[PDB]
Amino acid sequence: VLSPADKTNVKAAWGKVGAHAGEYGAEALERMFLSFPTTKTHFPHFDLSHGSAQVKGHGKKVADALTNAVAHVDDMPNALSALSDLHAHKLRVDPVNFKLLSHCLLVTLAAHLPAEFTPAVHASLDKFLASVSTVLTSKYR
C-alpha cells in the first residue's frame, strides 16, 4: 500500500515533472521499445522511430493518466477504471509489460530529476507505478 510518505514523495516528484510529463511519457515508451523489444508487439500500427508523433501522442496519454492517478492517489481504481477496462478487454497487453514500462518511467524520471530522485523518492515512485500497474491489470480475469 502507498504510505503517506510515499504519496508525498510521488506528488513532489510528479509536481516537479510538471508540464514535461507528456514528453517524459513518450521518452519512457521510447526507452521501453528499445530496451525491451518484445513490447513493440503491441504497437505494429505505430512508427516507433525516435521523435514519432505516434509515440509522443501516446506518451502524452500515458502521462496524463499518471497525472490523474497522482491526483486521485487515494482512489486509484476508480480513476483508472476506464483504462483498466480498455487494457483488460481490448488491448490485452500481457501484465509482464507493465513492469517494463514502470522501470522505464522510473529511469526517465531519474534522468530528469537530479535533485528529486533520492533513494526514498525512487522507492515511493517504484511502489506507485507498481500500484498503477496492478490497477491496470485488475480486470484481466
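Quick note: we count residues from 1 along the sequence shown, nothing fancier.
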Mean C-alpha B-factor comparison - 37 to 45 and 97 to 105, higher one: 37 to 45
Could you check which stretch, 88 to 96 or 22 to 30, carries the larger mean CA temperature factor in the entry? 88 to 96
By the CA temperature factor listed in this entry, which of these ranks top: 17, 132, 123, 10? 17
Between 53, 111, 62, 73, where does the Cα B-factor run highest in the record? 73
